[PDB]
Amino acid sequence: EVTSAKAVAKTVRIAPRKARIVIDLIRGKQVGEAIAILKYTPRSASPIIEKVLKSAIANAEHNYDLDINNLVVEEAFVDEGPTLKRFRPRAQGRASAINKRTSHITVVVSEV
Amino acid sequence: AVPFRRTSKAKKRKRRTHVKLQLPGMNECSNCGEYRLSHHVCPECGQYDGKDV
Amino acid sequence: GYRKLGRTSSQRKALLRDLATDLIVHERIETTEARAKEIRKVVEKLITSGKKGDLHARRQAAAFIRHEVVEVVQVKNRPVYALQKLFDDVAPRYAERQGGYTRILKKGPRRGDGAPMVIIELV
Amino acid sequence: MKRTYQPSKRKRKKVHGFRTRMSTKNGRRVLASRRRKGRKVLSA
Amino acid sequence: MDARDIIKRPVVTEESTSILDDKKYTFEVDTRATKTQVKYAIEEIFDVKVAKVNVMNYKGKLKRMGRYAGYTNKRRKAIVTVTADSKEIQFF
RNA sequence: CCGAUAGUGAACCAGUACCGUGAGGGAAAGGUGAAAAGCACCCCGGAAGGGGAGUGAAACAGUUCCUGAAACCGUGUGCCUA
RNA sequence: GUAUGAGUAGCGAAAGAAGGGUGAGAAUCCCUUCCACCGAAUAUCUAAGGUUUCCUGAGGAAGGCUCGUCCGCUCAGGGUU
Ligand SMILES: [Mg+2]
Ligand SMILES: [Mg+2]
Ligand SMILES: [Mg+2]
Ligand SMILES: [Mg+2]
Ligand SMILES: [Mg+2]
Ligand SMILES: [Mg+2]
Ligand SMILES: [Mg+2]
Ligand SMILES: [Mg+2]
Ligand SMILES: [Mg+2]
Ligand SMILES: [Mg+2]
Ligand SMILES: [Mg+2]
Ligand SMILES: [Mg+2]
Ligand SMILES: [Mg+2]
Ligand SMILES: [Mg+2]
Ligand SMILES: [Mg+2]
Ligand SMILES: [Mg+2]
Ligand SMILES: [Mg+2]
Ligand SMILES: [Mg+2]
Ligand SMILES: [Mg+2]
Ligand SMILES: [Mg+2]
Ligand SMILES: [Mg+2]
Ligand SMILES: [Mg+2]
Ligand SMILES: [Mg+2]
Ligand SMILES: [Mg+2]
Ligand SMILES: [Zn+2]
């Protein structure tokens, strides 16, 4: 007996600040409704977060044999990853820093 | 035109009170019984107003 | 009034003439919401010319329709143009209906730029 | 406008080339001191 | 050089084999071999009668295999055509 | 005497990469495990990446991989706050 | 090494539209029609200069101020008589 399952997507190219704004919608909701929210939210993080949630449900029934119809999104948070450092040539010979940030996305589903 | 003092953690968190985004106005389809947007063609069963489009 | 569509009075004139001809030829097209609320007026004002059947009405509608072939028939393979179809095929369909020859159905946002896309169709 | 470097294959070898360094006493001193550092390329 | 030192190996490609029926044979020769030496080297090895030889020089391609940069060998390619009243060379 | 910001500029393909027309200037970069035994097989996914299973003393040792501090970024909650 | 300014400035002169196709995924790739721009040039050659950027088959980690099924990018074979 485990009663919960999780899935992690590590070093996703999207920035942490742009992904936390979508996580805040699905936290604490049922997996049936949470999938629809990510489907009808026009942001670039919706496809990425939706595969993590779907993968968490997938091994919540193949590995631990739980009910798909009773799962809820217990936990969902975004961490940071290794950033890529780039440059942008500005005017008058100067250069400016650019941060290509990554993130870790973790979703935990469990019974109600 | 230049910040006099750096912004604290509390003041930077208070300002982001309103930078959230709202919940979509979705609805249950009458035919296929799954979620869709109001006043929109259902993307799954391809129907609107009970007639296929 | 009327809405400017992000382009000057010359681009806007050309944009409305291409979109109004495509709805005649294909009868069902994908556009954006604001771009479809505008050709909803230039197309129905164009069927009304086709419901007259005059030479004066035909010459007036010929100043808007683009000169492109809808399809080719062998009556002697002679092409058929968009102005012929409007006055001989599309207009006789609505000989009894007074107004509202088009309808709009909403689809959803577009991936590239979040634009709201709709179906505008000629029934 | 126009910049300070205008490339030319011939002009580069005639001023900085190996045979130009070997023709003078102080040009052979440049090669001697570049060999001392063990530089990959001597002259141009 | 010798006859076997001037000529190194044949070239077997789609372009090279598309002209074998035309009695044209593509070889890789020594980098310092003239057009005339290649003519007499072929007749010594294969005993064919040679009509023309055409040569061209290839540079070395800059190649990378991970943090290491270098060049491949530079080539000298010769195309030999023979008289119609002569035997053939079997690349096989 | 030093122990990877130290000790040669260089413990690693270093007078290298890079910078300059040129003379010339000149870096950063060490550590899986005793042994690759470097994850057969199954599931989600186009893949990356994960959850099991297995090897191992240890996988919270999984290809900047011993140990892993602080700044910085988050989730949950006991007391307070318009 | 990591913050604040902040999801703020910017995204570098310009006309695009629709219909098919491919694809896990298309405003951005391919095809078709219409429209628009240059035209003592934004057309055709050729020196200097650059050194494989040329062609074909695969690829989508990084580069491309967005996207990418695409590329002057990555890999493997070729090509200069
Ligand atoms: Mg400059
Ligand atoms: Mg004008
Ligand atoms: Mg001079
Ligand atoms: Mg030099
Ligand atoms: Mg020649
Ligand atoms: Mg040191
Ligand atoms: Mg140390
Ligand atoms: Mg140089
Ligand atoms: Mg695994
Ligand atoms: Mg895997
Ligand atoms: Mg395990
Ligand atoms: Mg064990
Ligand atoms: Mg040890
Ligand atoms: Mg560690
Ligand atoms: Mg810590
Ligand atoms: Mg401001
Ligand atoms: Mg502003
Ligand atoms: Mg631009
Ligand atoms: Mg040249
Ligand atoms: Mg090409
Ligand atoms: Mg990109
Ligand atoms: Mg593909
Ligand atoms: Mg390609
Ligand atoms: Mg290439
Ligand atoms: Zn439906």
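Residues numbered from 1 in each chain as written, not as in the entry; some residues may be left out. Chains lettered and ligands numbered in written order. Part of a larger assembly, values for the part shown. Heavy atoms only, no water. Residues with missing side-chain atoms left out of burial classes, pairs and counts.

- Under the annotation held in the PDB entry, chain D carries the name Large ribosomal subunit protein bL34 and is attributed to Listeria innocua.
- This deposition appears in the PDB under the title "Cryo-EM structure of the Listeria innocua 70S ribosome (head-swiveled) in complex with pe/E-tRNA (structure I-B)".
- Turning to chain D, the UniProt record has this under Sequence similarities (unreviewed entry): "Belongs to the bacterial ribosomal protein bL34 family." (UniProt positions renumbered as here; feature names shortened; annotations may be inferred.)

- Per the PDB entry, chain B goes by Large ribosomal subunit protein bL32 and derives from Listeria innocua.

## A closer look at the overall build of chain D
No. 1: The number of helices and strands found in chain D is three helices and zero strands.
No. 2: N-terminal to C-terminal, the α/β element order of chain D is α-α-α.
No. 3: Along the longest, intermediate and shortest principal axes, the C-alpha atoms of chain D span 40 × 20 × 15 Å.
No. 4: When the 44 residues of chain D are sorted by exposure, 7% land in the buried category.
No. 5: Of the accessible surface of chain D, which amounts to about 4,600 Å², a share of 51% is contributed by carbon and sulfur atoms. (Helix = DSSP H or I, 4+ residues; strand = E, 2+ residues; numbered from the N terminus. Buried < 20%, exposed > 50% of the residue type's maximum accessible area, 1.4 Å probe, protein only. Areas by Shrake-Rupley, 256 points an atom, 1.4 Å probe, with all protein chains shown as cover.)

## Remarks on the overall build of chain B
No. 1: The number of helices and strands found in chain B is one helix and four strands.
No. 2: When the elements of chain B are put in sequence order from the N terminus, they spell out α-β-β-β-β.
No. 3: The C-alpha atoms of chain B give 22 Å as radius of gyration, which overshoots the globular expectation for 53 residues (10 Å, by more than 25%).
No. 4: By its C-alpha atoms, chain B is 65 × 20 × 15 Å across when sized along the principal axes.
No. 5: Pairs at least 24 residues apart make up 0% of the contacts formed inside chain B by residues separated by at least 6 positions. (Rg over C-alpha atoms; globule rule 2.2 N^0.38 Å. Contact = heavy atoms within 4.5 Å.)

## A word on the UniProt feature "binding site: Zn(2+)" (unreviewed entry) in chain B
Residues and elements named next belong to chain B.
No. 1: UniProt tags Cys-29, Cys-32, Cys-42 and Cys-45 as "binding site: Zn(2+)" (unreviewed entry). A compact arrangement is adopted by the annotated residues: their sequence extent is 17 residues, whereas the largest C-alpha distance between any two is 9.0 Å.
No. 2: Within the secondary structure, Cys-29 is located in the loop between β1 (26–28) and β2 (35–37).
No. 3: On the accessibility criterion, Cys-29 (11% relative accessible area) is buried.
No. 4: Every residue in contact with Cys-29, bar those within four places of it in the chain, is listed here: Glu-34, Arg-36, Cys-42 and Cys-45.
No. 5: Turning to its location among the elements, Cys-42 is positioned in the loop between β2 and β3 (47–48).
No. 6: When near neighbours in sequence (up to four residues on either side) are disregarded, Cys-42 contacts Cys-29, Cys-32, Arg-36 and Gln-47.

## Digging into the interface of chain B and chain A
No. 1: Taken together, the contact pairs 11 residues of chain B with 11 residues of chain A.
No. 2: Classifying every residue of the side of chain B that touches chain A gives eight nonpolar, one polar and two charged. (Nonpolar A, V, L, I, M, F, W, Y, C, P; charged D, E, K, R; others polar.)

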